[PDB]
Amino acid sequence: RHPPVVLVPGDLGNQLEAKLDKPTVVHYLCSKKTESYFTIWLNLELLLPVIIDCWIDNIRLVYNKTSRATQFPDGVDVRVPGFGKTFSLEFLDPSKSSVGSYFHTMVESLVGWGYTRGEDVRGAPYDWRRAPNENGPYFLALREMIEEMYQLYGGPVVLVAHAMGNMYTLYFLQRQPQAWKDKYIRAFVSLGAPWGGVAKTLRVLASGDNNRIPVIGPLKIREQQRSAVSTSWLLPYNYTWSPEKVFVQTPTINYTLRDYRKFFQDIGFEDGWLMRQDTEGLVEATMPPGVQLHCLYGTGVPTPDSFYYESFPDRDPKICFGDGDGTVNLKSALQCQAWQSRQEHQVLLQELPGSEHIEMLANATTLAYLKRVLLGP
């Protein structure tokens, strides 16, 4: 009898749905109203050039300087479907196209080992545009789901998290009493955790990143990417990187992680600084989760490290690459080492050489490791 499993996805890592009754639109071809919720991520037909402005106008967040919190635009609601199920993390596109295949391979493996979707394997999707401080209801639901699974399946749960989901999970665990964790959590499997931030966030905020949707212009998509609090939350931290490391070079000025205030001024996005101040303290840099932890990190994949702009910030930069999994810098991934001596439960590090950030979820070596955690040797 295997332990129950909860899957926690990363940024862009689950479906999102929206419903509209807007006072105004950015152009005539945008819908003001929808009769039902529709899939806003991932739905390829919404990301065509004509209609991308409509999508941006609906999926952007509004930052309120007074409340220091985000809001949806007027007349837009966004929901997270499939909480407690797996469909919305298995496939990002409900057409089930391979372009959106995310947790599917892993869930198929779990089911082959005797798990049942929605029962002893459940997903914990969330609004990944936000940081954990504005996802309180999610954490309550997660705690309840874990307790339910413990009761139903007769033992403590294994959390398996990918990318930013790891930081969501750490935030959650840092806030639960040790006695609760000792009873209800069997282990935490961390895949590709950006503990110390990722360097590519600088380029995203400055000049946009359209690599996920290449037919769209980077300056257009930048509007949405800046609006997501999670982007500013994952700027490089000084517990991983040197305060003297230059992340952005231009012909006249450098930006290090001690220069974020100037950076946000200079790219014309002052709200980003406020978001960073709101979020930089959320995850305690050094406090370990207090559960058995398996830290899996990819290496040997060129990963954005720093950027040179000939023209700043409205032209794409030249990119300098360092080590990591293609998205998460190796330095960020390695914050676990420090936790080894700071908690009693074991912290196991596992290098995955040549394993790319998303591919690691469907990789046979990753799955073999998970099998050993769940089923024994």
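The first residue of the sequence shown is number 1, and the count goes up from there.
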Of 105-113 and 91-99, which one has the bigger average CA B-factor?
91-99
Looking only at CA atoms, which has the higher mean B factor in the entry: 263-271 or 124-132?
263-271
In this crystal structure's PDB entry, the residue among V80, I253, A141, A161 with the greatest CA B factor is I253
Listed options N58, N64, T39, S31: highest C-alpha B factor recorded at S31
For the chain shown, is the CA B-factor of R212 in the lowest, middle or highest third of its modelled residues?
highest
Where does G324 sit by CA temperature factor within its chain: lowest, middle or highest third?
lowest
Cα B factor band for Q343 (lowest, middle or highest third within the chain)
highest
Place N43 in the lowest, middle or highest third of its chain's C-alpha B-factors, as listed in the PDB entry.
middle
Record-listed C-alpha B factor of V5: chain third
lowest
